[PDB]
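Below is one structure; the comments refer to it alone.
There are 2 protein chains.
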Amino acid sequence: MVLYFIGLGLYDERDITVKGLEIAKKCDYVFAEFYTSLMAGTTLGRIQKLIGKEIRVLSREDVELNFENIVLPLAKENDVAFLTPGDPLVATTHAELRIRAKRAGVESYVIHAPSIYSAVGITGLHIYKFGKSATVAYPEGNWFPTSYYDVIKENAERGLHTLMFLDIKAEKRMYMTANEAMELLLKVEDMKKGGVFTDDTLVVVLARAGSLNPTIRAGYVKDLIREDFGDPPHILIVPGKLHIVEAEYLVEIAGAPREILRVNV
Amino acid sequence: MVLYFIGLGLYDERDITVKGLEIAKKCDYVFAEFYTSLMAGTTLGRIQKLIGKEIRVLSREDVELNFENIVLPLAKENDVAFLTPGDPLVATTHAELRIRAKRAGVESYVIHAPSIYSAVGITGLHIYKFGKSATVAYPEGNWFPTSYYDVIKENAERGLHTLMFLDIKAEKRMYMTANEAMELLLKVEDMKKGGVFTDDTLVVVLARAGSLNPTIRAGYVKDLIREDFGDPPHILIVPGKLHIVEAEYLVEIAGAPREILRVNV
Ligand SMILES: Nc1ncnc2c1ncn2[C@@H]1O[C@H](CSCC[C@H](N)C(=O)O)[C@@H](O)[C@H]1O
Ligand code: NA
């Protein structure tokens, strides 16, 4: 009679919380999805071994179209868990799944875990200074979406930082690198000429947040655009005006050029 | 030889990640602070028992003025851990502490935990739609903070949601309630009269996130300003222009007046 939305955390099988692990171990059925994101520092097998339960993986369609026919029925007479990378309900359409549960007479509870939304705090950029967030999508055919460029513009204009999620093809396991995101943004700049993203723009790249050895790099596009940030996923941040303390952290921890102490503060 | 920045989570000791617990269990010395937030469902003893270590609790002064005199010296010969509520670097000033560690020749690592910043997802509000965040601070003497009011205005103008962290005076065991935040905001409105926060403003209250039964309420100020939301900690959220599904969730899950289902696009 109960559905548990449990977050898996950031990177590996140890990123789930003690609460989430203990609750999962007591559920009769355990489902999971890796279409919104993947756990790059681990495998389904390692997650399964840790929880000690077989984990039925669900596709985006299984969830979006048939959550009520695959997951909820079992929740009527058993304890069911639905695992997702990061923190549950962060992915835009997941909150609605709780409404579906209610409509089915199923009680649901949320077990939180670290999310990239809070984990970026490791970049040294103040959390309150982040503005609207965006996702960089690949242009395709006759479609060249550029809204993510306008997000940066509106944020930076108000001295706010912009968190950018990079395109991902979960099933194809194809990632967009921070390098590719930068090239795309430079191409968007050439079209819009807004003076929003150029070779002189300061950016921060966060890779493998959650790992004990994440990659945190900060610098100007012209120097970072061809740098190797390692294995994904990559997160790109275009920070607005910098607090002197933010800049000092970026210099001392993220190897940023001391130039930002005078140029971006 | 190393220093560990380990977050403890939202509500109780089980909100720590498995990674955090295993590492904390093996540290030689364990320090912590409980002034940046409130973990309403646990006690120092319960945490000590889980980790199996004695925990030396530090005050704001011990940390801000003496971190490098109390904690760092031990990290030069042992593995030290510094625990904090929620995520260690979120809406705190602990990030700067990594610079202090570096300057003292001490390597530091960060272990994330669920944070209130991402837990807002449980309100049904799309997390990418949140704008600049703010903090409602208790007035003191003749000083009456009001910057948080302008944050709302700026976000609302952009159709973005506003997350408001609430004040805490841990040494006095004072935790600002969503009710007190609403009272303060109405007073600022009387002063500025910008039509930013009034009796007709829709707000969302999230209390004790991380517990199994957090209080999640949505409604007009006039109706919620005196509602009992349970024990602290609380956060107040002033949503912008709602998506249809956001409104549906607020009504179905947060008990908002069904009339907000009708969005003025
Ligand atoms: N579990 C919780 N439920 C509701 N509000 C919370 C909360 N935890 C923190 N808050 C809010 O956040 C404020 C502290 S700011 C520190 C946040 C912490 N570092 C984190 O990552 O979560 C509290 O005063 C309250 O306003
Ligand atoms: Na945000």
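Line by line, the protein sequences give chains S and W. Count along the first sequence starting at 1, add 1, and that's the number in our numbering. Count along the second sequence starting at 1, add 1, and that's the number in our numbering. Even for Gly, the Cβ is constructed at its ideal location relative to N, Cα and C.
**Study point:** 7 Å Cβ cut-off: residues of chain S touching W/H127
**Key:** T93
Review point. Between S/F68 and the rest of its own chain, which residues show a CB-CB distance below 6 Å, the 5 nearest in sequence each way excluded?
Key: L98 and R101
Review point. Can a CB atom of chain W be found closer than 8 Å to the CB of S/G142?
Key: no
Point to revise | Nearest-angstrom beta carbon gap, S/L11 and S/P115 [assumed within contact, 8 Å] | key: 5 Å
Practice item. Have a look at S/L9 and S/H95 and give me their C-alpha separation to the nearest angstrom. Key: 15 Å
Review point. Under three-state DSSP, which class holds W/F131?
Key: strand
**Study point:** Close Cβ partners of S/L251 (< 6 Å) along its chain, the five nearest in sequence each way excluded
**Key:** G125, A219 and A257
Point to revise | Residue closest to S/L225, alpha-carbon to alpha-carbon, out of S/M183, S/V246 and S/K242 | key: S/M183
Review point. Three or more C-beta pairs closer than 8 Å, one from the stretch 238-248 of chain S and one from the stretch 203-217 of chain S: is that the case here?
Key: yes
Check your understanding: Using a threshold of 7 Å, is the CB atom of W/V111 nearer than that to any non-hydrogen atom of ligand 1?
Key -> no
Check your understanding: Using Cβ-Cβ distances below 7 Å, what residues of the stretch 100-119 of chain S are close to chain W?
Key -> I100, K103, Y110, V111, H113, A114, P115, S116, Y118 and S119
Review point. Would you say residue 300 of chain S touches ligand 2, meaning its beta carbon is less than 7 Å from a heavy atom?
Key: Since the first residue of chain S shown is 2 and the last is 266, residue 300 of chain S is not available in this structure.
Check your understanding: Does the beta carbon of W/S116 fall short of 7 Å from some heavy atom of ligand 3?
Key -> No copy of ligand 3 appears in this structure; the ligands present are ligand 1 and ligand 2.
Check your understanding: Which residues, in order along the stretch 76-91 of chain S, keep a beta-carbon less than 8 Å from a beta-carbon of chain W?
Key -> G87, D88, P89, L90 and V91
Practice item. Kindly give me the distance between the Cβ atoms of S/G122 and W/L90, rounded to whole angstroms, as I take these residues to be in contact under 8 Å. Key: 4 Å
Check your understanding: So which of W/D13, W/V58 and W/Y129 has the shortest CA-CA distance to S/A92?
Key -> W/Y129
**Study point:** Pairwise C-alpha distance: S/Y36 and W/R61
**Key:** 42 Å
Practice item. With a 10 Å radius around its C-beta and 16 neighbouring C-beta atoms as the bar for buried, classify S/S119 as buried or exposed. Key: buried
Practice item. Using a Cβ cut-off of 8 Å (strictly closer), state whether W/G132 contacts chain S. Key: yes
Practice item. Return yes when the C-beta of W/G195 is under 7 Å from any heavy atom of ligand 1, and no when it is not. Key: no
Practice item. Pull up the distance between the alpha-carbon of W/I56 and that of W/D88, whole angstroms please. Key: 18 Å
Check your understanding: Ordered along the chain, which non-local residues of its own chain (more than five positions away) have a Cβ less than 6 Å from that of S/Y110?
Key -> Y5
Review point. If you follow the beta strand (DSSP E) that S/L4 is part of, which residue opens it and which one closes it?
Key: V3 to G8
Exercise for review: Measuring alpha carbon to alpha carbon, tell me which of W/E78, W/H113, W/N70 and W/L66 ends up nearest W/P86.
Suggested key: W/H113
Exercise for review: Check each candidate in W/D63, W/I17 and W/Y30 and name the one with the smallest Cα separation from W/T43.
Suggested key: W/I17
Review point. At a cut-off of 7 Å, is W/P234 close to ligand 1 when judged by its beta-carbon and the heavy atoms of the ligand?
Key: yes
Practice item. Compute the Euclidean distance between the alpha carbons of residue 1 of chain S and S/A82, then round it to the nearest angstrom. Key: Within the shown structure, residues of chain S are numbered from 2 to 266, placing residue 1 of chain S beyond reach of any answer.
Review point. Any chance the CB of S/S134 is under 7 Å from a heavy atom of ligand 2?
Key: yes
Practice item. Compare the Cα-Cα distances from W/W144 to each of W/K133, W/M175, W/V189 and W/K103 and report the closest residue. Key: W/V189
Check your understanding: Whose CA, out of W/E23, W/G160, W/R104 and W/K77, lies closest to the CA of S/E253?
Key -> W/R104
Check your understanding: Where in the stretch 71-98 of chain W do unbroken runs of the beta strand (DSSP E), each at least 3 residues long, occur, reported from the N-terminal end onward?
Key -> 80-85
Check your understanding: So is S/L237 in contact with chain W if we call contact Cβ pairs under 8 Å?
Key -> no
Point to revise | Residues of the stretch 189-204 of chain W whose Cβ lies closer than 8 Å to any Cβ of chain S, in chain order | key: none
Review point. Using a Cβ-Cβ cut-off of 7 Å (strictly less than) and excluding sequence neighbours within five positions of S/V152, which residues of its own chain qualify?
Key: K133, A135 and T163
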